[PDB]
>>> print(open('target_34.pdb').read())   # PDB, N, CA and C atoms
MODEL        1
ATOM      1  N   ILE E   1     -16.441  78.622 -26.373
ATOM      2  CA  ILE E   1     -17.403  77.685 -25.828
ATOM      3  C   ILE E   1     -18.246  78.341 -24.749
ATOM      4  N   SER E   2     -17.780  79.432 -24.148
ATOM      5  CA  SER E   2     -18.521  80.062 -23.067
ATOM      6  C   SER E   2     -19.672  80.915 -23.575
ATOM      7  N   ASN E   3     -19.524  81.514 -24.752
ATOM      8  CA  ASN E   3     -20.600  82.319 -25.309
ATOM      9  C   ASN E   3     -21.763  81.435 -25.727
ATOM     10  N   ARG E   4     -21.477  80.452 -26.580
ATOM     11  CA  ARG E   4     -22.489  79.489 -26.990
ATOM     12  C   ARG E   4     -23.093  78.801 -25.781
ATOM     13  N   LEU E   5     -22.244  78.389 -24.846
ATOM     14  CA  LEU E   5     -22.721  77.672 -23.674
ATOM     15  C   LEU E   5     -23.630  78.551 -22.827
ATOM     16  N   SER E   6     -23.237  79.806 -22.616
ATOM     17  CA  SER E   6     -24.065  80.715 -21.833
ATOM     18  C   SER E   6     -25.401  80.940 -22.515
ATOM     19  N   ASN E   7     -25.373  81.120 -23.834
ATOM     20  CA  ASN E   7     -26.602  81.271 -24.594
ATOM     21  C   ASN E   7     -27.491  80.054 -24.420
ATOM     22  N   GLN E   8     -26.883  78.871 -24.380
ATOM     23  CA  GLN E   8     -27.642  77.657 -24.138
ATOM     24  C   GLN E   8     -28.291  77.705 -22.765
ATOM     25  N   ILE E   9     -27.527  78.099 -21.740
ATOM     26  CA  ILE E   9     -28.059  78.160 -20.378
ATOM     27  C   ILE E   9     -29.265  79.084 -20.328
ATOM     28  N   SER E  10     -29.153  80.241 -20.969
ATOM     29  CA  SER E  10     -30.254  81.188 -20.965
ATOM     30  C   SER E  10     -31.479  80.592 -21.631
ATOM     31  N   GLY E  11     -31.278  79.943 -22.778
ATOM     32  CA  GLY E  11     -32.384  79.262 -23.424
ATOM     33  C   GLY E  11     -33.027  78.229 -22.526
ATOM     34  N   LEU E  12     -32.217  77.543 -21.725
ATOM     35  CA  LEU E  12     -32.759  76.555 -20.808
ATOM     36  C   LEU E  12     -33.627  77.215 -19.747
ATOM     37  N   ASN E  13     -33.197  78.366 -19.232
ATOM     38  CA  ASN E  13     -34.013  79.079 -18.253
ATOM     39  C   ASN E  13     -35.356  79.477 -18.849
ATOM     40  N   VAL E  14     -35.319  80.078 -20.040
ATOM     41  CA  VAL E  14     -36.545  80.444 -20.740
ATOM     42  C   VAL E  14     -37.410  79.217 -20.965
ATOM     43  N   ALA E  15     -36.785  78.055 -21.139
ATOM     44  CA  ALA E  15     -37.548  76.835 -21.342
ATOM     45  C   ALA E  15     -38.223  76.385 -20.063
ATOM     46  N   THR E  16     -37.563  76.577 -18.922
ATOM     47  CA  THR E  16     -38.238  76.338 -17.653
ATOM     48  C   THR E  16     -39.494  77.184 -17.559
ATOM     49  N   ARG E  17     -39.368  78.475 -17.877
ATOM     50  CA  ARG E  17     -40.533  79.350 -17.873
ATOM     51  C   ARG E  17     -41.626  78.814 -18.787
ATOM     52  N   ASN E  18     -41.267  78.465 -20.023
ATOM     53  CA  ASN E  18     -42.278  78.093 -21.006
ATOM     54  C   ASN E  18     -42.966  76.791 -20.625
ATOM     55  N   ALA E  19     -42.198  75.809 -20.158
ATOM     56  CA  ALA E  19     -42.799  74.549 -19.747
ATOM     57  C   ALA E  19     -43.733  74.754 -18.569
ATOM     58  N   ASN E  20     -43.354  75.622 -17.630
ATOM     59  CA  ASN E  20     -44.220  75.838 -16.479
ATOM     60  C   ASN E  20     -45.495  76.561 -16.886
ATOM     61  N   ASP E  21     -45.384  77.514 -17.814
ATOM     62  CA  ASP E  21     -46.579  78.134 -18.373
ATOM     63  C   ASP E  21     -47.449  77.095 -19.054
ATOM     64  N   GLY E  22     -46.825  76.083 -19.653
ATOM     65  CA  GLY E  22     -47.599  75.016 -20.251
ATOM     66  C   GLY E  22     -48.329  74.191 -19.212
ATOM     67  N   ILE E  23     -47.670  73.909 -18.087
ATOM     68  CA  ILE E  23     -48.338  73.194 -17.003
ATOM     69  C   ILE E  23     -49.553  73.981 -16.550
ATOM     70  N   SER E  24     -49.401  75.296 -16.427
ATOM     71  CA  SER E  24     -50.518  76.107 -15.965
ATOM     72  C   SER E  24     -51.628  76.164 -17.000
ATOM     73  N   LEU E  25     -51.265  76.162 -18.278
ATOM     74  CA  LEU E  25     -52.280  76.174 -19.318
ATOM     75  C   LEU E  25     -53.090  74.892 -19.275
ATOM     76  N   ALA E  26     -52.395  73.762 -19.338
ATOM     77  CA  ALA E  26     -53.055  72.471 -19.270
ATOM     78  C   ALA E  26     -53.824  72.309 -17.964
ATOM     79  N   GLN E  27     -53.404  73.010 -16.911
ATOM     80  CA  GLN E  27     -54.190  73.056 -15.683
ATOM     81  C   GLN E  27     -55.526  73.733 -15.931
ATOM     82  N   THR E  28     -55.502  74.875 -16.618
ATOM     83  CA  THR E  28     -56.747  75.566 -16.929
ATOM     84  C   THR E  28     -57.676  74.665 -17.727
ATOM     85  N   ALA E  29     -57.124  73.977 -18.727
ATOM     86  CA  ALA E  29     -57.917  73.040 -19.513
ATOM     87  C   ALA E  29     -58.508  71.954 -18.635
ATOM     88  N   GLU E  30     -57.698  71.431 -17.716
ATOM     89  CA  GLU E  30     -58.174  70.417 -16.791
ATOM     90  C   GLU E  30     -59.380  70.908 -16.015
ATOM     91  N   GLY E  31     -59.272  72.080 -15.390
ATOM     92  CA  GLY E  31     -60.360  72.551 -14.552
ATOM     93  C   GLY E  31     -61.633  72.791 -15.329
ATOM     94  N   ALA E  32     -61.514  73.485 -16.464
ATOM     95  CA  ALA E  32     -62.682  73.701 -17.308
ATOM     96  C   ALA E  32     -63.338  72.378 -17.662
ATOM     97  N   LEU E  33     -62.532  71.357 -17.932
ATOM     98  CA  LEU E  33     -63.116  70.063 -18.230
ATOM     99  C   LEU E  33     -63.571  69.308 -16.986
ATOM    100  N   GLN E  34     -63.148  69.713 -15.787
ATOM    101  CA  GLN E  34     -63.774  69.169 -14.590
ATOM    102  C   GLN E  34     -65.194  69.664 -14.501
ATOM    103  N   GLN E  35     -65.394  70.937 -14.821
ATOM    104  CA  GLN E  35     -66.737  71.481 -14.736
ATOM    105  C   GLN E  35     -67.624  70.933 -15.842
ATOM    106  N   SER E  36     -67.122  70.872 -17.078
ATOM    107  CA  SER E  36     -67.914  70.250 -18.133
ATOM    108  C   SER E  36     -68.171  68.786 -17.825
ATOM    109  N   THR E  37     -67.222  68.135 -17.159
ATOM    110  CA  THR E  37     -67.406  66.742 -16.785
ATOM    111  C   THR E  37     -68.530  66.599 -15.780
ATOM    112  N   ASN E  38     -68.486  67.393 -14.711
ATOM    113  CA  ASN E  38     -69.546  67.369 -13.717
ATOM    114  C   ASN E  38     -70.895  67.642 -14.359
ATOM    115  N   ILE E  39     -70.923  68.564 -15.319
ATOM    116  CA  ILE E  39     -72.161  68.849 -16.026
ATOM    117  C   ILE E  39     -72.619  67.623 -16.796
ATOM    118  N   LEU E  40     -71.726  67.008 -17.560
ATOM    119  CA  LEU E  40     -72.193  65.959 -18.452
ATOM    120  C   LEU E  40     -72.553  64.702 -17.665
ATOM    121  N   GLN E  41     -71.915  64.508 -16.511
ATOM    122  CA  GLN E  41     -72.424  63.578 -15.505
ATOM    123  C   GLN E  41     -73.850  63.928 -15.133
ATOM    124  N   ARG E  42     -74.093  65.209 -14.874
ATOM    125  CA  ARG E  42     -75.414  65.640 -14.457
ATOM    126  C   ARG E  42     -76.446  65.369 -15.539
ATOM    127  N   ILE E  43     -76.083  65.642 -16.784
ATOM    128  CA  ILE E  43     -76.975  65.413 -17.906
ATOM    129  C   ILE E  43     -77.287  63.930 -18.022
ATOM    130  N   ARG E  44     -76.284  63.085 -17.778
ATOM    131  CA  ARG E  44     -76.537  61.652 -17.726
ATOM    132  C   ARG E  44     -77.552  61.327 -16.642
ATOM    133  N   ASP E  45     -77.382  61.929 -15.465
ATOM    134  CA  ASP E  45     -78.298  61.675 -14.363
ATOM    135  C   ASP E  45     -79.720  62.059 -14.730
ATOM    136  N   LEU E  46     -79.885  63.149 -15.474
ATOM    137  CA  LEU E  46     -81.227  63.557 -15.848
ATOM    138  C   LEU E  46     -81.810  62.632 -16.897
ATOM    139  N   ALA E  47     -80.976  62.126 -17.804
ATOM    140  CA  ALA E  47     -81.460  61.115 -18.733
ATOM    141  C   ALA E  47     -81.924  59.881 -17.982
ATOM    142  N   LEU E  48     -81.247  59.555 -16.884
ATOM    143  CA  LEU E  48     -81.660  58.415 -16.078
ATOM    144  C   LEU E  48     -82.921  58.720 -15.286
ATOM    145  N   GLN E  49     -83.132  59.984 -14.933
ATOM    146  CA  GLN E  49     -84.360  60.369 -14.251
ATOM    147  C   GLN E  49     -85.543  60.305 -15.203
TER     148      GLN E  49
ATOM    149  N   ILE S   1      27.464 101.416 -38.000
ATOM    150  CA  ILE S   1      26.503 100.464 -37.480
ATOM    151  C   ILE S   1      25.692 101.075 -36.350
ATOM    152  N   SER S   2      26.187 102.128 -35.706
ATOM    153  CA  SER S   2      25.478 102.712 -34.578
ATOM    154  C   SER S   2      24.327 103.603 -35.017
ATOM    155  N   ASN S   3      24.457 104.260 -36.166
ATOM    156  CA  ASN S   3      23.377 105.103 -36.657
ATOM    157  C   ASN S   3      22.195 104.256 -37.092
ATOM    158  N   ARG S   4      22.449 103.313 -37.998
ATOM    159  CA  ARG S   4      21.416 102.383 -38.432
ATOM    160  C   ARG S   4      20.830 101.643 -37.245
ATOM    161  N   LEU S   5      21.695 101.174 -36.352
ATOM    162  CA  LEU S   5      21.235 100.405 -35.207
ATOM    163  C   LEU S   5      20.356 101.250 -34.297
ATOM    164  N   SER S   6      20.770 102.488 -34.032
ATOM    165  CA  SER S   6      19.972 103.367 -33.187
ATOM    166  C   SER S   6      18.623 103.643 -33.825
ATOM    167  N   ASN S   7      18.625 103.888 -35.133
ATOM    168  CA  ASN S   7      17.380 104.091 -35.855
ATOM    169  C   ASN S   7      16.480 102.877 -35.723
ATOM    170  N   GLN S   8      17.074 101.686 -35.756
ATOM    171  CA  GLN S   8      16.304 100.471 -35.557
ATOM    172  C   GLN S   8      15.688 100.458 -34.169
ATOM    173  N   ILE S   9      16.480 100.791 -33.144
ATOM    174  CA  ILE S   9      15.979 100.789 -31.768
ATOM    175  C   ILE S   9      14.787 101.723 -31.645
ATOM    176  N   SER S  10      14.900 102.910 -32.229
ATOM    177  CA  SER S  10      13.810 103.868 -32.152
ATOM    178  C   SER S  10      12.562 103.320 -32.819
ATOM    179  N   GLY S  11      12.729 102.727 -34.001
ATOM    180  CA  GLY S  11      11.601 102.093 -34.656
ATOM    181  C   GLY S  11      10.965 101.023 -33.795
ATOM    182  N   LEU S  12      11.784 100.289 -33.048
ATOM    183  CA  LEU S  12      11.250  99.263 -32.169
ATOM    184  C   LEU S  12      10.415  99.878 -31.057
ATOM    185  N   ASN S  13      10.871 100.998 -30.495
ATOM    186  CA  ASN S  13      10.086 101.669 -29.462
ATOM    187  C   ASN S  13       8.736 102.113 -30.007
ATOM    188  N   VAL S  14       8.754 102.772 -31.168
ATOM    189  CA  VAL S  14       7.517 103.188 -31.819
ATOM    190  C   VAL S  14       6.632 101.983 -32.086
ATOM    191  N   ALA S  15       7.238 100.824 -32.332
ATOM    192  CA  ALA S  15       6.454  99.624 -32.579
ATOM    193  C   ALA S  15       5.802  99.119 -31.308
ATOM    194  N   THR S  16       6.490  99.246 -30.174
ATOM    195  CA  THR S  16       5.841  98.952 -28.904
ATOM    196  C   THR S  16       4.598  99.805 -28.739
ATOM    197  N   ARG S  17       4.734 101.110 -28.994
ATOM    198  CA  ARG S  17       3.580 101.998 -28.920
ATOM    199  C   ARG S  17       2.460 101.520 -29.834
ATOM    200  N   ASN S  18       2.787 101.230 -31.093
ATOM    201  CA  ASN S  18       1.750 100.919 -32.070
ATOM    202  C   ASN S  18       1.054  99.608 -31.739
ATOM    203  N   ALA S  19       1.820  98.595 -31.339
ATOM    204  CA  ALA S  19       1.212  97.322 -30.978
ATOM    205  C   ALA S  19       0.307  97.479 -29.770
ATOM    206  N   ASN S  20       0.718  98.295 -28.798
ATOM    207  CA  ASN S  20      -0.119  98.463 -27.617
ATOM    208  C   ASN S  20      -1.393  99.220 -27.959
ATOM    209  N   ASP S  21      -1.291 100.217 -28.840
ATOM    210  CA  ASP S  21      -2.490 100.878 -29.339
ATOM    211  C   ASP S  21      -3.388  99.884 -30.052
ATOM    212  N   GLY S  22      -2.790  98.897 -30.715
ATOM    213  CA  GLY S  22      -3.592  97.869 -31.347
ATOM    214  C   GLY S  22      -4.310  97.003 -30.335
ATOM    215  N   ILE S  23      -3.629  96.657 -29.239
ATOM    216  CA  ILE S  23      -4.281  95.896 -28.178
ATOM    217  C   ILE S  23      -5.475  96.673 -27.658
ATOM    218  N   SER S  24      -5.305  97.978 -27.473
ATOM    219  CA  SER S  24      -6.399  98.779 -26.945
ATOM    220  C   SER S  24      -7.532  98.901 -27.952
ATOM    221  N   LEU S  25      -7.197  98.959 -29.235
ATOM    222  CA  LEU S  25      -8.235  99.034 -30.249
ATOM    223  C   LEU S  25      -9.061  97.761 -30.252
ATOM    224  N   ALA S  26      -8.382  96.628 -30.387
ATOM    225  CA  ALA S  26      -9.057  95.343 -30.369
ATOM    226  C   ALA S  26      -9.798  95.124 -29.055
ATOM    227  N   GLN S  27      -9.346  95.767 -27.978
ATOM    228  CA  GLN S  27     -10.102  95.760 -26.732
ATOM    229  C   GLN S  27     -11.435  96.464 -26.915
ATOM    230  N   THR S  28     -11.412  97.639 -27.544
ATOM    231  CA  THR S  28     -12.655  98.360 -27.792
ATOM    232  C   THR S  28     -13.614  97.510 -28.613
ATOM    233  N   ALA S  29     -13.093  96.867 -29.658
ATOM    234  CA  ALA S  29     -13.915  95.980 -30.471
ATOM    235  C   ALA S  29     -14.500  94.859 -29.634
ATOM    236  N   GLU S  30     -13.676  94.280 -28.762
ATOM    237  CA  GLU S  30     -14.145  93.226 -27.878
ATOM    238  C   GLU S  30     -15.326  93.692 -27.050
ATOM    239  N   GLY S  31     -15.189  94.829 -26.370
ATOM    240  CA  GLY S  31     -16.252  95.271 -25.486
ATOM    241  C   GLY S  31     -17.539  95.565 -26.219
ATOM    242  N   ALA S  32     -17.437  96.313 -27.321
ATOM    243  CA  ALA S  32     -18.620  96.586 -28.126
ATOM    244  C   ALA S  32     -19.301  95.288 -28.531
ATOM    245  N   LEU S  33     -18.514  94.273 -28.869
ATOM    246  CA  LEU S  33     -19.121  93.004 -29.218
ATOM    247  C   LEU S  33     -19.559  92.192 -28.004
ATOM    248  N   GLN S  34     -19.103  92.531 -26.796
ATOM    249  CA  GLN S  34     -19.709  91.936 -25.612
ATOM    250  C   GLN S  34     -21.120  92.442 -25.467
ATOM    251  N   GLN S  35     -21.311  93.732 -25.718
ATOM    252  CA  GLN S  35     -22.644  94.286 -25.574
ATOM    253  C   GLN S  35     -23.563  93.805 -26.687
ATOM    254  N   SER S  36     -23.090  93.800 -27.935
ATOM    255  CA  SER S  36     -23.913  93.241 -29.001
ATOM    256  C   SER S  36     -24.182  91.766 -28.762
ATOM    257  N   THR S  37     -23.227  91.072 -28.151
ATOM    258  CA  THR S  37     -23.420  89.664 -27.841
ATOM    259  C   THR S  37     -24.523  89.485 -26.820
ATOM    260  N   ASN S  38     -24.445  90.223 -25.715
ATOM    261  CA  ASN S  38     -25.483  90.161 -24.698
ATOM    262  C   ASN S  38     -26.842  90.481 -25.295
ATOM    263  N   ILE S  39     -26.880  91.451 -26.205
ATOM    264  CA  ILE S  39     -28.130  91.785 -26.870
ATOM    265  C   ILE S  39     -28.621  90.605 -27.689
ATOM    266  N   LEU S  40     -27.753  90.018 -28.503
ATOM    267  CA  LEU S  40     -28.254  89.021 -29.434
ATOM    268  C   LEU S  40     -28.612  87.730 -28.704
ATOM    269  N   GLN S  41     -27.950  87.471 -27.575
ATOM    270  CA  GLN S  41     -28.448  86.499 -26.606
ATOM    271  C   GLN S  41     -29.860  86.846 -26.184
ATOM    272  N   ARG S  42     -30.081  88.115 -25.856
ATOM    273  CA  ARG S  42     -31.387  88.540 -25.388
ATOM    274  C   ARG S  42     -32.447  88.336 -26.458
ATOM    275  N   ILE S  43     -32.108  88.666 -27.695
ATOM    276  CA  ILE S  43     -33.027  88.504 -28.807
ATOM    277  C   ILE S  43     -33.361  87.032 -28.989
ATOM    278  N   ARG S  44     -32.365  86.165 -28.811
ATOM    279  CA  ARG S  44     -32.634  84.733 -28.825
ATOM    280  C   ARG S  44     -33.629  84.366 -27.736
ATOM    281  N   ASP S  45     -33.425  84.908 -26.534
ATOM    282  CA  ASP S  45     -34.319  84.609 -25.424
ATOM    283  C   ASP S  45     -35.743  85.027 -25.740
ATOM    284  N   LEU S  46     -35.911  86.155 -26.424
ATOM    285  CA  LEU S  46     -37.256  86.597 -26.746
ATOM    286  C   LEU S  46     -37.874  85.732 -27.826
ATOM    287  N   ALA S  47     -37.067  85.263 -28.776
ATOM    288  CA  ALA S  47     -37.585  84.306 -29.743
ATOM    289  C   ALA S  47     -38.047  83.040 -29.045
ATOM    290  N   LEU S  48     -37.350  82.653 -27.980
ATOM    291  CA  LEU S  48     -37.760  81.479 -27.223
ATOM    292  C   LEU S  48     -38.998  81.757 -26.386
ATOM    293  N   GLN S  49     -39.185  83.005 -25.967
ATOM    294  CA  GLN S  49     -40.393  83.369 -25.238
ATOM    295  C   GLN S  49     -41.598  83.368 -26.165
TER     296      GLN S  49
ENDMDL
END
>>> encode(input="target_34.pdb", output="structure tokens")
Amino acid sequence: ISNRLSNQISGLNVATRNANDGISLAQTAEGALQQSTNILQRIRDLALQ
Amino acid sequence: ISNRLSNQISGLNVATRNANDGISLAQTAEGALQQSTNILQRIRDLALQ
């Protein structure tokens, strides 16, 4: 049970890494879409002008 | 009965030797498989990465 269990623990650590990399990825997507958002707001403003 | 019996005793001593050599052999197998185990854990970790 200790070999399988240890292997599980290691997989869990790697999963912490992978999930956190996912948070950072989705963060990048968020920021890029903040800028596209600000732009498309701006384009709306020009249509209103 | 003493000749046969003594021969038996000697065989028993040789058997102590042989069984202990077996413990040491299976020990070698154990260690080698500790290292292969650590490796195959590692390979699992990389598949998870």
>>> interface_residues(input="target_34.pdb", of="chain S", to="chain E", cutoff="8 Å", atoms="only C-alpha atoms", output="list in words")
residues 41, 44, 45, 48 and 49 of chain S
>>> atom_distance(input="target_34.pdb", atom1="CA of residue 43 in chain S", atom2="CA of residue 31 in chain S")
18.4 Å
>>> atom_distance(input="target_34.pdb", atom1="atom C of residue 20 in chain S", atom2="atom C of residue 1 in chain E")
27.0 Å
>>> atom_distance(input="target_34.pdb", atom1="atom N of residue 38 in chain S", atom2="atom C of residue 16 in chain E")
21.5 Å
>>> axis_aligned_box(input="target_34.pdb", around="range 12-30 of chain E", padding_each_side="3 Å", output="lines of an AutoDock Vina configuration file")
center_x = -45.8
center_y = 75.4
center_z = -18.7
size_x = 33.2
size_y = 16.0
size_z = 12.0
>>> build_atoms(input="target_34.pdb", residues="range 18-41 of chain E", atoms="N, CA, C and O atoms", output="compact mmCIF listing (two decimals), keeping the file's coordinate frame")
# COMPACT_ATOMS: atom_id res chain seq x y z
N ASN E 18 -41.27 78.46 -20.02
CA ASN E 18 -42.28 78.09 -21.01
C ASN E 18 -42.97 76.79 -20.62
O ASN E 18 -44.19 76.67 -20.75
N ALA E 19 -42.20 75.81 -20.16
CA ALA E 19 -42.80 74.55 -19.75
C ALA E 19 -43.73 74.75 -18.57
O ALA E 19 -44.81 74.14 -18.51
N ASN E 20 -43.35 75.62 -17.63
CA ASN E 20 -44.22 75.84 -16.48
C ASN E 20 -45.50 76.56 -16.89
O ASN E 20 -46.59 76.24 -16.39
N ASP E 21 -45.38 77.51 -17.81
CA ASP E 21 -46.58 78.13 -18.37
C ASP E 21 -47.45 77.10 -19.05
O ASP E 21 -48.68 77.19 -19.04
N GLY E 22 -46.82 76.08 -19.65
CA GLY E 22 -47.60 75.02 -20.25
C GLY E 22 -48.33 74.19 -19.21
O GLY E 22 -49.48 73.80 -19.42
N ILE E 23 -47.67 73.91 -18.09
CA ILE E 23 -48.34 73.19 -17.00
C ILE E 23 -49.55 73.98 -16.55
O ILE E 23 -50.63 73.42 -16.30
N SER E 24 -49.40 75.30 -16.43
CA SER E 24 -50.52 76.11 -15.96
C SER E 24 -51.63 76.16 -17.00
O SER E 24 -52.82 76.20 -16.65
N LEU E 25 -51.26 76.16 -18.28
CA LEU E 25 -52.28 76.17 -19.32
C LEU E 25 -53.09 74.89 -19.27
O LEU E 25 -54.32 74.91 -19.17
N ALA E 26 -52.40 73.76 -19.34
CA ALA E 26 -53.06 72.47 -19.27
C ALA E 26 -53.82 72.31 -17.96
O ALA E 26 -54.81 71.56 -17.91
N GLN E 27 -53.40 73.01 -16.91
CA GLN E 27 -54.19 73.06 -15.68
C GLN E 27 -55.53 73.73 -15.93
O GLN E 27 -56.57 73.25 -15.48
N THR E 28 -55.50 74.88 -16.62
CA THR E 28 -56.75 75.57 -16.93
C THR E 28 -57.68 74.67 -17.73
O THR E 28 -58.88 74.57 -17.43
N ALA E 29 -57.12 73.98 -18.73
CA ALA E 29 -57.92 73.04 -19.51
C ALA E 29 -58.51 71.95 -18.64
O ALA E 29 -59.69 71.60 -18.77
N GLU E 30 -57.70 71.43 -17.72
CA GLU E 30 -58.17 70.42 -16.79
C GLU E 30 -59.38 70.91 -16.02
O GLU E 30 -60.41 70.23 -15.97
N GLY E 31 -59.27 72.08 -15.39
CA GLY E 31 -60.36 72.55 -14.55
C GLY E 31 -61.63 72.79 -15.33
O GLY E 31 -62.72 72.37 -14.92
N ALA E 32 -61.51 73.48 -16.46
CA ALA E 32 -62.68 73.70 -17.31
C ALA E 32 -63.34 72.38 -17.66
O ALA E 32 -64.57 72.25 -17.62
N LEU E 33 -62.53 71.36 -17.93
CA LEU E 33 -63.12 70.06 -18.23
C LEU E 33 -63.57 69.31 -16.99
O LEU E 33 -64.34 68.35 -17.12
N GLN E 34 -63.15 69.71 -15.79
CA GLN E 34 -63.77 69.17 -14.59
C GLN E 34 -65.19 69.66 -14.50
O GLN E 34 -66.11 68.91 -14.15
N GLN E 35 -65.39 70.94 -14.82
CA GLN E 35 -66.74 71.48 -14.74
C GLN E 35 -67.62 70.93 -15.84
O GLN E 35 -68.76 70.52 -15.58
N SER E 36 -67.12 70.87 -17.08
CA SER E 36 -67.91 70.25 -18.13
C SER E 36 -68.17 68.79 -17.82
O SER E 36 -69.22 68.24 -18.19
N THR E 37 -67.22 68.14 -17.16
CA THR E 37 -67.41 66.74 -16.78
C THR E 37 -68.53 66.60 -15.78
O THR E 37 -69.42 65.76 -15.94
N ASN E 38 -68.49 67.39 -14.71
CA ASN E 38 -69.55 67.37 -13.72
C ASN E 38 -70.90 67.64 -14.36
O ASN E 38 -71.90 67.01 -14.02
N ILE E 39 -70.92 68.56 -15.32
CA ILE E 39 -72.16 68.85 -16.03
C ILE E 39 -72.62 67.62 -16.80
O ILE E 39 -73.79 67.25 -16.74
N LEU E 40 -71.73 67.01 -17.56
CA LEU E 40 -72.19 65.96 -18.45
C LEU E 40 -72.55 64.70 -17.66
O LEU E 40 -73.45 63.95 -18.07
N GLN E 41 -71.92 64.51 -16.51
CA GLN E 41 -72.42 63.58 -15.50
C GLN E 41 -73.85 63.93 -15.13
O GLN E 41 -74.73 63.06 -15.06
